[PDB]
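Novice: no FASTA, just this:
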């Protein structure tokens, strides 16, 4: 598709057998999703943004669908105000910026 | 241009006389730049993001040149980790996410 930027570029994602809404975020190096329970090996991590840093759990080789596109990568889980799809996953669904 | 996201989508901008480097950020509603002086009246506001909120100064109808493209609108100057170009200007230059 072509997402235009008048409204937040929100998209449906299936992670861990659960459908959710996430933001297509070219500004994020990484992907961050609200507190799940999907078990797995994970390493602790702190990611920074505007107002400071939050603690997250880093899972590796996680499967996701992003608006119907299958992807596989590092997802970070933690108290994020909105589910964010960063560049690690945007590259995998072939997303580009154009103007 | 078409901009892939293997690297951070950074661009040169021209704001309030200074040349600077900024991130084309489709997750940001607003455009926030590291602290610098711009002339004119500004009003204090507060913006959120991961990590929480920060106090910023709002400048209206500011000319910004983004990667050779002209925009004129709101710029929030404050303590951001990185200069970011949000949807309020990305729409001005005709920016769209494509995949």
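Specialist: Right, received. Where do you want to start? Numbering: from 1, shown residues only, chains lettered A, B, ... in the order given.

Novice: any idea how far the closest residue to residue A:15 other than its chain neighbours is from residue A:50?
Specialist: Nearest in space to residue A:15, with sequence neighbours left out and distances taken as C-beta to C-beta, 6 or more residues apart in numbering or on different chains, is residue A:64 at 5.0 Å. The way it works is simple: take the backbone N, C-alpha and C, and place the C-beta from them, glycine included. Distance, residue A:64 to residue A:50, by C-beta to C-beta, to the nearest Å: 25 Å.

Novice: what does residue A:74 give?
Specialist: The gap separating residue A:74 from residue A:50 is 22 Å, by C-beta to C-beta.

Novice: now do residue A:88
Specialist: For residue A:88, the distance to residue A:50 - C-beta to C-beta - is 20 Å.

Novice: which of the two has more neighbours?
Specialist: residue A:50 (21 against 17; other C-beta atoms under 10 Å in any protein chain shown).

Novice: Surely the more buried one forms part of a helix?
Specialist: No. Under DSSP: H, G, I helix; E, B strand; the rest coil, residue A:50 sits outside any helix and is assigned coil.

Novice: The closest residue to it other than its chain neighbours: what's it in contact with?
Specialist: Nearest residue to residue A:50, sequence neighbours excluded (C-beta to C-beta, 6+ apart): residue B:49, at 3.1 Å. Applying C-beta atoms under 8 Å, 6 or more residues apart in numbering or on different chains to residue B:49 gives the contacts A:49-51, B:28.
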